[PDB]
């Protein structure tokens, strides 16, 4: 139960994530410390326990609860965040972008098919496990705001088995797809579609989202495939119920036919501007 707690990795609401190194074998891991009084991580643990073995989902190693705090010990994400790699020291083109979406898209398709929605698919919740930058090293993380589809009696249910009760998933699923849509945009454009920097205001961003318009022309978009633009447009459609499903995304020419994709380095703005814009976009969304 006692580890070797060291540096703090990140921070969050009612939870802190530090770098433990123990297992009585100097084995490095990550441990999320949730305040039992502040928050109840019932849904999160059950999701990680049931779906952690997925290779592109963060695997759960140990779990502890003394009553005051919970200790979710997971595999350590040494590769950092997705943007921290692709927009720094890694050759990134529509080809590499397609592999990234492919990897994450299948994971979401799996989760949606099991009736699990994430509802927090920000690029800071997608991390490499090692510093290779390889697609298979990707891991979806932080299932804090994730919800399993349950029955009236409280039994886990799939959308296959399962009117307005299901349309809730259809919305919640459509928001996960929309979250991937801005990541696709950001990957292609090198900048957030509804934010120009870290100091954008909720009033600015939410107006742009509601307008249902974004730049698919000018800048990087002049040297980007029409299939790449077709996908983002369909992924970021205004009505969440008219957006693509995770399956329909993966059946798209951009994703499937990777031979036809350009392999030229993509331009990007400073990482901190892009990271700044992105965190501000999700900050504006949390208000509404």
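Numbering follows the first chain given and starts at 1.
(request) Could you tell me whether residue 71 lacks coordinates in at least a third of the other compared entries whose models cover its neighbours on both sides? (result) Per the records, residue 71 goes unmodelled in at least a third of the other entries.
(message) Could you find out if residue 40 - modelled in this structure - is missing from at least a third of the other PDB entries compared that contain residues on either side?
(response) Across the compared entries, residue 40 is left out in at least a third.
(request) Please figure out whether residue 132 and residue 133 are truly consecutive in the deposited sequence or have unmodelled residues between them, and give none, 1 to 3, 4 to 9, or 10 or more. (result) According to the record, the chain runs unbroken from residue 132 to residue 133.
(message) Mean Cα B factor from the PDB record: higher for 68-76, or higher for 82-90?
(response) Mean CA B-factor is higher for 68-76.
(request) Could you check which stretch, 221-229 or 243-251, carries the larger mean CA temperature factor in the entry? (result) Higher of the two, by average CA B-factor, is 221-229.
(request) Among 263, 56, 256, 26, single out the one with the highest C-alpha B factor in the record, please. (result) The record points to 26.
(request) Grab the CA temperature factor for residue 176 from the record and place it in the lowest, middle or highest third of its chain. (result) Tercile = lowest for this residue's CA B-factor.
(request) Tell me, lowest, middle or highest third: where does the Cα B factor of residue 190 rank within its chain? (result) Answer is lowest: the recorded C-alpha B-factor places it there.
(request) Would you please rank residue 209 by its C-alpha temperature factor against the other modelled residues of its chain and give the third it falls in: lowest, middle or highest? (result) For residue 209, the deposited C-alpha B-factor lands in the lowest third.
(request) Going by the recorded CA B-factors, say which third of the chain residue 107 sits in, lowest, middle or highest. (result) Ranked within chain, residue 107 CA B lands in the lowest tercile.
(request) Rank-wise, by C-alpha B-factor, drop residue 152 into the lowest, middle or highest third of its chain. (result) Its C-alpha B-factor, which the entry lists for residue 152, ranks in the highest third among residues of this chain.
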